[PDB]
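First comes the structure, then the notes that go with it.
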Amino acid sequence: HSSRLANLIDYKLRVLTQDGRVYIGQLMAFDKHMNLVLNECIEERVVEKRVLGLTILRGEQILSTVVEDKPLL
Amino acid sequence: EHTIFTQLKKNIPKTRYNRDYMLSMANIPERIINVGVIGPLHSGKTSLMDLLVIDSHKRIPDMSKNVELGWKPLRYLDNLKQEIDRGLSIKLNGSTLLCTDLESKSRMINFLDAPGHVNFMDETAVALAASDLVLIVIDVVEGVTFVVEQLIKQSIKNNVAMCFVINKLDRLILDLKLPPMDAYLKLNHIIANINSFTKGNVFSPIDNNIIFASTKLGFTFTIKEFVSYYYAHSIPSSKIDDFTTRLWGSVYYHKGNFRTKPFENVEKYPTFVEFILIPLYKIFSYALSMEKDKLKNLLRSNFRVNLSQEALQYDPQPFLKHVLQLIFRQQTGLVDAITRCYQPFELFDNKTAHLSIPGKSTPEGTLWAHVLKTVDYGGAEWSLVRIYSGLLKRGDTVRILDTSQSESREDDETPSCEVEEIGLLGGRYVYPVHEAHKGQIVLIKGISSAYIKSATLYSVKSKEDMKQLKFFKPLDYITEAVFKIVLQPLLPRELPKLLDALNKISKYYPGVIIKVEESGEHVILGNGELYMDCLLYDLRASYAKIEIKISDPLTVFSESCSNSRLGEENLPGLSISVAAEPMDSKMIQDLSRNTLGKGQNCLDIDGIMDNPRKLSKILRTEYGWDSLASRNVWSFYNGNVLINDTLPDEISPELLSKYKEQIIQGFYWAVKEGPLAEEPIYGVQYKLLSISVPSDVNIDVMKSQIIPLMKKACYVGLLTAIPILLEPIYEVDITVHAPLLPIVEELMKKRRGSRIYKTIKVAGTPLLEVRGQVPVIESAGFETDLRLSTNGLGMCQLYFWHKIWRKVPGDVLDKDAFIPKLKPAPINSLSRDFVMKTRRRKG
Amino acid sequence: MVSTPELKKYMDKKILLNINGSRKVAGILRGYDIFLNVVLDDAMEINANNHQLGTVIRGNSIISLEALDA
Amino acid sequence: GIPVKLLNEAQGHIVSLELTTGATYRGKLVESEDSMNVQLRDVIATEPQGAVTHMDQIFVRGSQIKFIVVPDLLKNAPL
Amino acid sequence: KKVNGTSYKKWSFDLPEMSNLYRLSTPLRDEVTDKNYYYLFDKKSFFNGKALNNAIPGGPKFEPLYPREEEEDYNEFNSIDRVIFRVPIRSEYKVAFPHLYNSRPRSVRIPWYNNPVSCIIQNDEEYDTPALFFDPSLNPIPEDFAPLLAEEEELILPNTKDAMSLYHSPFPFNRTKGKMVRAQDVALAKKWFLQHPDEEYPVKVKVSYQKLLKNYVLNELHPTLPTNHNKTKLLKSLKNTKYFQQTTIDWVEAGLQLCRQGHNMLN
RNA sequence: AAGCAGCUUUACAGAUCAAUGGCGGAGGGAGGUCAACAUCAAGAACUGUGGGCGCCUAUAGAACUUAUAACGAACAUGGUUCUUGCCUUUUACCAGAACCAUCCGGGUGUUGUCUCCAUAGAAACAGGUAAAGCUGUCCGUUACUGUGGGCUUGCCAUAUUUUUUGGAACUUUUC
Ligand SMILES: Nc1nc2c(ncn2[C@@H]2O[C@H](COP(=O)(O)OP(=O)(O)OP(=O)(O)O)[C@@H](O)[C@H]2O)c(=O)[nH]1
């Protein structure tokens with residue numbers, strides 16, 4: 001299947017991890033291991049923030065996915 | 001600045017993959033690579049690069065429709081009017097290019113495409129020095145002929161990675177009309193035939209050092225790629241790579257069952273033929289002979305391919321291409337085998353050593369890089385450089401050096417200049433670059449002022465590193481000049497321009513060796529007819545516009561001895577006796593091959609820098625070389641070996657160890673000149689028999705004194721030695737269809753070189769390769785007597801390898817036997833002719 | 001799978017390994033494995049009291065690997 | 001998969017990463033793997049405490065990596 | 001399907017149509033396939049053979065184009081006694097590397113060099129030879145996956161042989177799609193005075209070859225590039241209005257009406 | 001490469017039978033030894049004019065390149081000037097060089113048509129240029145279902161060390 005996962009491509013996402021951090025940004029690539037690639041990223045540890053840039057997360061570390069906004073023009 | 005770049009935008013016809021992504025991958029050392037490409041004449045090199053270029057750009061404008069389909073093949077990397085009117089690549093041209101692999105991860109690559117013509121081997125030389133690996137490309141018809149042997153020998157001798165591409169398979173099937181089993185033993189046969197010439201390894205279809213192609217039809221096979229594109233979607237992904245290894249080399253699957261057993265059951269052709277040659281033949285013979293729709297259903301069904309009624313409607317050939325170029329995809333199989341076949345860690349130190357003294361010292365911390373070639377693109381002239389250490393930007397002031405001045409080994413040692421501009425080579429176009437990174441090859445601007453020919457570049461802040469860094473040899477141009485033509489400007493007032501004209505050539509053409517005589521008449525040395533022709537055209541058109549004047553083709557003789565003695569200073573405080581000796585044809589043949597002494601091979605005489613016990617170990621061991629002489633061996637030359645041989649040497653040993661510079665400097669002075677023609681001396685051993693030295697030497701012993709003395713001692717040395725006159729010989733490669741052999745014989749006789757040295761049949765073709773010898777001075781207009789006489793059949797190449805020098809048939813001094821002018825000279829008396837003649841342009 | 005790691009350059013040389021539980025070992029690198037199991041000779045613990053042992057370190061545990069001398 | 005290729009493409013550039021250990025490493029990346037092994041040079045480690053260190057050559061195990069952070073030019077790269 | 005339409009422009013075909021056609025035409029056409037055969041019989045060696053005034057044995061002999069051979073100077077350079085005489089230095093050389101032997105070349109077009117020496121084999125004797133036939137004159141030298149096109153049993157087809165024979169043809173045949181030409185626009189015999197005479201000829205027909213190469217060069221050397229956008233074909237215009245009307249007829253008859261027609265007008 | 005599902009359509013029964021949204025259509029096909037009027041090697045870059053919102057498109061002039069790789073895998077004659085000729089001169093040539101012509105053709109576009117053919121129709125209306133659904137309205141199926149076609153798809157199936165069959169669970173102190 002994986003038909004739904006392609007639909008998320010190029011949307012701003014809110015990804016919560018097992019570590020607790022929540023990464024935010026557009027989705028450039030997705031994988032068979034669930035490796036996610038994110039553009040212009042910001043972790044939110046908690047009134048807190050940090051600028052990373054391009055981030056490639058592992059599959060083990062990811063918990064859930066949630067859309068922030070529609071696909072950008 | 002950037003706006004003028006924008007008016008550059010509409011020039012370079014952009015590309016699929018854009019740039020800054022590629023040029024972004026640039027700085028990364030381990031990526032990119034350098035690939036040089038060489039084959040003999042008409043291997044398809046330049047065309048192959050044409051393939052890659054179209055696998056790159058979308059937009060390439062200058063394609064006519066007429067070329068798009070078909071019939072006339074595109075030349076891109078043939079940028080010159082000269083190349084385009086001739087039909088053979090002359091000045092090698094690359095394209096810096098980004099390509100991808102089967103695994104899709106793209107390497108930056110530097111493509112270099114060399115001439116194949118033997119006379120131009122010079123650039124292939126240069127090509128080597130840059131190239132991290134070469135693709136040696138073969139016309140499937142001639143297999144590997146001698147020139148190829150010399151090639152691989154050279155590249156391995158440069159410690160550089162290889163891969164092979166056998167090419168023009170189309171020519172095989174269509175022209176030669178091979179039953180498949182003919183073809184398989186063809187391919188095989190060649191592959192063994194080459195592996196024989198492959199020292200310390202073997203290649204093999206699965207070794208992926210062998211890649212199949214035809215350019216004119218534009219298709220490529222690496223069985224990895226090939227199968228993957230197709231059979232991969234068939235069978236479980238486990239067995240696959242095994243199945244690759246299951247392909248070439250006598251292996252059979254009867255039904256789904258791989259068995260090396262003879263072929264039993266019934267049908268017999270090996271697995272290779274089974275999934276490659278035959279189905280291919282079906283592609284050709286059908287797409288020619290088959291109803292389109294029949295093909296179509298096979299294109300979906302088997303190959304998942306779709307024809308457009310346009311592509312449906314084509315004359316047989318252009319169709320047939322679009323067929324293949326459609327069935328196979330943007331060849332990465334090539335790249336892919338390249339991709340995996342180069343080892344940075346293993347060989348990088350090998351090659352990077354081969355061109356200098358290894359070290360290594362000063363890793364990073366520095367800019368030091370190797371300058372090969374001064375080149376002429378559409379605008380003016382750039383320089384071609386490979387980057388070993390450091391970065392570069394426009395305007396950066398940097399220090400300059402040349403390879404001879406690195407033969408020399410603080411202040412004053414460096415002329416320096418800034419990088420005026422940096423390009424990348426885009427073939428017909430040049431792609432501007434501000435920043436240059438380690439490992440990638442680029443063009444510079446403004447540095448042409450600095451030098452001629454090969455030049456080492458560096459910029460370093462550390463006199464530590466400065467002392468520590470090393471310097472590249474003067475590049476070995478794999479064939480020596482050997483061809484001689486006197487130039488005069490037709491209007492001697494025009495004389496100045498011609499000079500700078502010549503100057504630029506000595507830059508733009510590596511191998512040419514130019515002189516200005518005492519008499520004033522300029523001299524040119526080049527490989528052969530064609531080569532120096534290309535010069536003369538670029539000379540009467542490009543640079544100088546001056547109508548000039550040209551001699552008869554000429555050679556460059558040499559001066560030797562076939563086996564008493566005095567010498568005298570004009571202030572006889574010196575007493576010199578130096579006789580001369582002919583020398584070992586064994587040591588001759590080993591001096592001809594200049595090596596690092598690897599293996600039982602007699603070490604190159606450079607290895608006198610290795611221990612004279614080590615050198616004299618090679619000597620005494622291999623030659624029966626006299627142990628005393630081996631300890632008495634003093635110096636080598638541009639030429640033979642000099643020995644201090646006498647007891648009075650030991651009588652006055654320190655006196656000698658003071659003046660040895662005077663000895664040898666005077667002696668290099670000697671053998672460079674000569675007694676007879678003032679032409680080089682070869683095959684001559686000087687045992688130094690007697691010396692006395694001015695009385696108590698109060699600035700009495702001087703180089704001014706002893707040098708021209710020992711000069712004479714050498715001269716008379718040869719003169720009493722029964723001197724003969726050395727000549728070179730072009731080693732001849734001739735390619736013919738069989739029945740014409742008698743013809744060739746005739747011509748050989750008349751040319752008096754007349755040496756049919758070997759005769760050869762070519763596997764599975766109606767071809768004879770004949771190998772022979774003909775003297776350079778007798779080599780005028782040979783090739784066209786061939787090409788006419790055989791009605792275009794056959795083919796001729798005159799190459800100078802092994803540098804073999806025969807004897808001039810005459811006796812050096814006999815005055816009478818001559819017969820008057822305006823005739824070819826009588827074969828019994830020559831050397832007198834030649835020598836008196838040159839002397840008349842000399843003394 | 002089984003990408004044979006780049007420990008060819010460490011063979012017959014000293015190391016300063018780090019492992020799970022913040023424990024570390026010195027040794028001459030003898031041999032390596034698919035899963036990165038290691039063979040060390042002249043093995044010395046680093047508690048700062050150094051005990052001589054003589055050793056096969058397991059792959060999973062490994063955090064990293066250092067070189068003492070250039 | 002694309003999430004692996006991106007990694008291979010940042011070989012040579014300078015990279016930041018986070019491990020299950022809790023520490024982050026910053027340095028030029030030399031070799032990678034399909035497993036997600038790493039080999040870096042001139043690394044500047046920074047644990048939970050803030051303790052800085054220098055490691056000449058360093059290895060990882062992919063399983064232990066949480067997330068990598070790669071150079072900016074690698075957004076124009078081909079997918 | 002076989003052509004445009006009644007305006008008859010722009011023909012087209014299929015293979016055996018050709019292969020037959022070719023087979024029939026071949027007696028009329030004996031022409032050496034490869035360019036490499038022609039060497040000093042090409043165009044550019046004729047030009048250069050003109051601008052430099054050289055005489056090729058099978059090439060036509062022209063006028064100087066540069067009137068003056070006259071400047072002759074001995075000099076330290078030129079002297080016979082400083083020049084080494086071996087080999088004749090035939091003219092053909094001076095047509096080969098014209099910047100080499102023939103000094104001061106002017107308006108000289110740089111010739112082609114070296115083609116591959118076509119090894120193509122063909123059977124002009126036995127046509128029962130199969131498609132792929134090792135020539136006598138060559139040197140001696142799970143079960144469910146399969147090869148792809150081997151699905152079809154045999155590659156050799158009844159056409160494919162002559163598909164090969166047509167893979168090499170001079171311009172007309174190798175193309176199966178092209179357009180229409182005036183009858184006189186076709187030149188049949190131009191091929192034959194481009195060829196070597198060999199030997200057995202009399203000097204009559206040989207000298208004739210030299211004539212027709214001469215004329216041929218001249219017909220080549222002067223292109224034009226006009227355009228008539230002004231002139232509608234004289235017929236089309238003049239057939240307008242009255243005094244002329246259109247019909248059909250037998251050819252010979254119209255011939256006759258003309259015979260008395262202009263016969264009158266002479267009178 | 002079968003089947004399932006998804007996507008696109010489709011003959012469709014359909015929701016709506018509204019506002020919608022998509023694709024096409026608001027002047028067909030082909031062929032006319034049918035004509036009229038234009039135009040005609042290609043390409044980057046400079047200048048001028050016009051149109052549309054500094055950019056894009058068209059036309060004219062100048063420079064450079066292409067092998068003059070070729071409007072025609074065709075070539076015929078004439079004129080002026082320079083070398084050639086000779087005596088003759090003409091007809092005129094000869095034999096070249098240059099520069100000008102003419103003639104025989106070819107291709108493209110537009111327009112008007114002629115022949116054989118095509119089946120919905122919404123081919124309906126109003127705006128203008130050198131051009132057109134170019135624009136605005138507009139209508140055909142239709143935007144959400146089930147039967148029928150094709151694929152651009154699932155990438156094709158791994159609980160035992162580097163991701164999806166868990167080293168987790170739990171407690172306590174500090175700010
Ligand atoms: N039969 C056949 N001939 C080919 C093919 N590809 C190239 N050629 C021939 O190769 C010749 C030109 O070779 P190029 O690739 O252009 O240049 P080259 O092979 O490197 O020769 P050089 O450049 O002088 O070294 C042409 O005569 C082509 O006919 C091919 O695929 N099949």
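Letters A, B, ... mark the chains of the structure tokens in the order given; residue numbers begin at 1 per chain; ligand numbers begin at 1, in order shown.
Near chain B, within 7 Å and using only C-alpha atoms, the residues of chain D are residues 5, 12, 13, 73, 76 and 77 of chain D.
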Please produce a file of the residues just selected, as a CSV table (one decimal), in the first residue's frame, where the atoms kept are N, CA, C and O atoms.
```
chain,number,residue,atom,x,y,z
D,5,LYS,N,20.2,7.5,0.7
D,5,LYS,CA,21.0,8.2,-0.4
D,5,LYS,C,21.4,9.5,0.0
D,5,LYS,O,22.5,10.0,-0.3
D,12,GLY,N,31.7,13.9,3.2
D,12,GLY,CA,32.7,15.0,2.9
D,12,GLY,C,32.3,16.3,3.5
D,12,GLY,O,33.2,17.0,4.0
D,13,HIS,N,31.0,16.7,3.5
D,13,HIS,CA,30.5,17.9,4.2
D,13,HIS,C,30.6,17.7,5.7
D,13,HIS,O,31.0,16.5,6.2
D,73,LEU,N,23.2,22.9,1.1
D,73,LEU,CA,23.2,22.7,-0.3
D,73,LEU,C,22.6,21.4,-0.8
D,73,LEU,O,22.2,21.3,-1.9
D,76,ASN,N,18.9,21.0,-2.9
D,76,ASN,CA,18.8,21.0,-4.4
D,76,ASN,C,19.2,19.6,-5.0
D,76,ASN,O,18.9,19.4,-6.2
D,77,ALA,N,19.8,18.7,-4.3
D,77,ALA,CA,20.2,17.4,-4.7
D,77,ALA,C,19.0,16.6,-5.3
D,77,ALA,O,17.9,16.8,-5.0
```
query: Hey, what's within 10 Å of range 19-29 of chain D if we count only C-alpha atoms (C1' of nucleotides) and toss same-chain stuff fewer than 2 positions away? As a PyMOL selection string, please?
result: (chain A and resi 19+61) or (chain B and resi 28) or (chain C and resi 20+63) or (chain D and resi 7-8+10-17+31-32+38-55+58+60-69)
- prompt: Hey, what's within 6 Å of range 40-52 of chain A if we count only C-alpha atoms (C1' of nucleotides) and toss same-chain stuff fewer than 4 positions away? As a PyMOL selection string, please?
  reply: chain A and resi 21-25
- request: Could you please write out, as an MDAnalysis selection string, every residue of chain A that DSSP assigns to strand (DSSP E)?
  value: chainID A and resid 12:17 22:30 36:39 42:43 50:51 54:57 62:67
- request: Dump the neighbourhood of ligand 1 as a PyMOL selection string: all residues within 7 Å, distances computed on only C-alpha atoms (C1' of nucleotides) and all ligand atoms.
  value: (chain B and resi 39-48+75+87-90+114-117+167-168+170-171+214-218) or (chain E and resi 115-116)
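Per DSSP on the backbone, alpha helix (DSSP H) in chain A comprises residues 3, 4, 5, 6 and 7 of chain A.
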Write the residues you've just listed into a file as a compact mmCIF listing (two decimals), in the first residue's frame, and include N, CA and C atoms for each of them.
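Resulting contents of selection.txt:
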```txt
# COMPACT_ATOMS: atom_id res chain seq x y z
N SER A 3 -0.05 4.26 0.11
CA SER A 3 -0.66 5.26 -0.77
C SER A 3 -0.92 6.55 0.01
N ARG A 4 -1.30 6.41 1.29
CA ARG A 4 -1.53 7.55 2.16
C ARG A 4 -0.24 8.32 2.44
N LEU A 5 0.86 7.60 2.62
CA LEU A 5 2.15 8.23 2.99
C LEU A 5 2.72 9.15 1.90
N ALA A 6 2.49 8.80 0.64
CA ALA A 6 2.89 9.64 -0.49
C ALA A 6 2.08 10.94 -0.52
N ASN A 7 0.83 10.86 -0.06
CA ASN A 7 -0.06 12.02 0.00
C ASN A 7 0.43 13.10 0.95
```
Interface rows for chain F against chain A: nearest pair, Å to one decimal, 9 Å, only C-alpha atoms (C1' of nucleotides), as CSV:
```
residue,atom,partner,partner_atom,distance
F:5,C1',A:1,CA,9.0
F:6,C1',A:3,CA,8.0
F:153,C1',A:3,CA,8.7
F:154,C1',A:1,CA,4.3
F:163,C1',A:59,CA,5.2
F:164,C1',A:33,CA,8.0
```
- request: Could you please select, counting only C-alpha atoms (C1' of nucleotides), the residues of chain F within 7 Å of chain E and state them as a PyMOL selection string?
  value: chain F and resi 31-33+74-75+96-97
For the selection just defined, write its residues with N, CA and C atoms (P, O5', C5', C4', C3', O3' and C1' of nucleotides) to a file, as a PDB file, in the first residue's frame.
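Once written, again35.pdb looks like this:
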```pdb
ATOM      1  P     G F  31      -2.940  15.132 -46.755  1.00  0.00           P
ATOM      2  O5'   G F  31      -3.488  14.880 -48.219  1.00  0.00           O
ATOM      3  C5'   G F  31      -3.575  13.570 -48.743  1.00  0.00           C
ATOM      4  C4'   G F  31      -4.294  13.563 -50.057  1.00  0.00           C
ATOM      5  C3'   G F  31      -3.932  14.688 -51.003  1.00  0.00           C
ATOM      6  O3'   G F  31      -2.735  14.457 -51.709  1.00  0.00           O
ATOM      7  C1'   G F  31      -6.268  14.535 -50.866  1.00  0.00           C
ATOM      8  P     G F  32      -2.148  15.597 -52.664  1.00  0.00           P
ATOM      9  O5'   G F  32      -3.157  15.596 -53.892  1.00  0.00           O
ATOM     10  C5'   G F  32      -3.196  16.676 -54.796  1.00  0.00           C
ATOM     11  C4'   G F  32      -4.557  16.830 -55.426  1.00  0.00           C
ATOM     12  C3'   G F  32      -4.737  18.056 -56.305  1.00  0.00           C
ATOM     13  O3'   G F  32      -4.265  17.857 -57.626  1.00  0.00           O
ATOM     14  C1'   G F  32      -6.555  17.886 -54.802  1.00  0.00           C
ATOM     15  P     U F  33      -4.075  16.389 -58.210  1.00  0.00           P
ATOM     16  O5'   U F  33      -3.153  16.639 -59.485  1.00  0.00           O
ATOM     17  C5'   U F  33      -1.780  17.047 -59.327  1.00  0.00           C
ATOM     18  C4'   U F  33      -1.511  18.316 -60.100  1.00  0.00           C
ATOM     19  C3'   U F  33      -1.817  18.246 -61.593  1.00  0.00           C
ATOM     20  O3'   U F  33      -3.132  18.693 -61.906  1.00  0.00           O
ATOM     21  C1'   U F  33       0.460  18.738 -61.300  1.00  0.00           C
ATOM     22  P     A F  74      23.512  14.737 -56.759  1.00  0.00           P
ATOM     23  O5'   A F  74      22.356  15.411 -57.623  1.00  0.00           O
ATOM     24  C5'   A F  74      22.250  16.821 -57.718  1.00  0.00           C
ATOM     25  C4'   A F  74      21.297  17.234 -58.811  1.00  0.00           C
ATOM     26  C3'   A F  74      21.931  17.910 -60.018  1.00  0.00           C
ATOM     27  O3'   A F  74      22.423  16.970 -60.964  1.00  0.00           O
ATOM     28  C1'   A F  74      20.055  19.165 -59.283  1.00  0.00           C
ATOM     29  P     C F  75      23.827  17.214 -61.708  1.00  0.00           P
ATOM     30  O5'   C F  75      23.516  18.382 -62.741  1.00  0.00           O
ATOM     31  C5'   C F  75      24.552  19.234 -63.201  1.00  0.00           C
ATOM     32  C4'   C F  75      24.004  20.494 -63.819  1.00  0.00           C
ATOM     33  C3'   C F  75      24.964  21.675 -63.900  1.00  0.00           C
ATOM     34  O3'   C F  75      25.877  21.622 -64.996  1.00  0.00           O
ATOM     35  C1'   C F  75      22.980  22.399 -62.911  1.00  0.00           C
ATOM     36  P     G F  96      39.855  25.693 -67.348  1.00  0.00           P
ATOM     37  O5'   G F  96      38.661  26.712 -67.094  1.00  0.00           O
ATOM     38  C5'   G F  96      38.426  27.257 -65.807  1.00  0.00           C
ATOM     39  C4'   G F  96      39.485  28.259 -65.428  1.00  0.00           C
ATOM     40  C3'   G F  96      39.079  29.293 -64.403  1.00  0.00           C
ATOM     41  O3'   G F  96      39.074  28.787 -63.088  1.00  0.00           O
ATOM     42  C1'   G F  96      40.294  30.330 -66.148  1.00  0.00           C
ATOM     43  P     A F  97      37.976  29.296 -62.042  1.00  0.00           P
ATOM     44  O5'   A F  97      38.385  30.806 -61.769  1.00  0.00           O
ATOM     45  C5'   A F  97      39.619  31.122 -61.151  1.00  0.00           C
ATOM     46  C4'   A F  97      39.705  32.582 -60.811  1.00  0.00           C
ATOM     47  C3'   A F  97      38.407  33.234 -60.381  1.00  0.00           C
ATOM     48  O3'   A F  97      38.067  32.961 -59.039  1.00  0.00           O
ATOM     49  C1'   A F  97      39.479  34.609 -61.955  1.00  0.00           C
TER      50        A F  97
END
```
field: Nearby residues (only C-alpha atoms (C1' of nucleotides)) at most 7 Å from residue 40 in chain C, same-chain spacing under 6 positions excluded, as an MDAnalysis selection string
entry: chainID C and resid 27:30 55:56
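Note that CA of residue 60 in chain E and CA of residue 35 in chain E are 19.5 Å apart.
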- request: Might you pull out every residue within 12 Å of residue 189 in chain E, with only C-alpha atoms (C1' of nucleotides) counted and same-chain residues fewer than 5 positions away left off, and present them as JSON, numbers by chain?
  value: {"E": [28, 29, 30, 31, 184, 194, 195, 209, 212]}
Residue list for chain C near chain D as a PyMOL selection string, 6 Å, only C-alpha atoms: chain C and resi 64-66
message: Using only C-alpha atoms (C1' of nucleotides), which protein or nucleic acid residues come within 9 Å of range 776-784 of chain B? Drop anything in the same chain fewer than 6 positions from it, and give the result as a list in words.
response: residues 482, 483, 528, 529, 553, 554, 555, 556, 727, 728, 729, 730, 747, 751, 752, 753, 795, 796, 797 and 798 of chain B; 86, 87, 88, 89, 90, 92, 93 and 96 of chain E
